[PDB]
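We begin with a single chain expressed as structure tokens, specifically the form deposited in one PDB entry.
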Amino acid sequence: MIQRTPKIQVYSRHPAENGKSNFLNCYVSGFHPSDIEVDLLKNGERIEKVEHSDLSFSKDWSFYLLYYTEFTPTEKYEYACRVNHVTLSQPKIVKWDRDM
């Protein structure tokens, strides 16, 4: 068995083909097992209808999830990615750094 704590990166991207659009991304990488719960949060609120949940694995024991959705970040909301994983005794909330 192997278990690997997801690395969690939360960042915003504009698709270059629609630069007006802003995507909050939670890139959850290198985890094993694949079982995971990943949410994007707006304050503590899970963002529903996260448009993209792209799971892949490299090695059979390394999973990568890009979990991202269009969002419109404003000051009034903190955005975060919340990951639960067996390796994470508590949900890991990685705040979107507004500069990221």
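Residue positions are given as counts along the sequence shown, with the first one as 1.
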Item to check | Entry-level comparison of average CA B-factors, 65-73 and 30-38, reporting the higher stretch | outcome: 65-73
Checklist outcome for this item: For 56-64 versus 42-50, entry-based mean Cα B-factors point to 42-50
Item to check | residue 4 by Cα B-factor - lowest, middle or highest third of the modelled chain | outcome: lowest
Item to check | Where the record places residue 20 (Cα B-factor, split into thirds across the chain) | outcome: highest
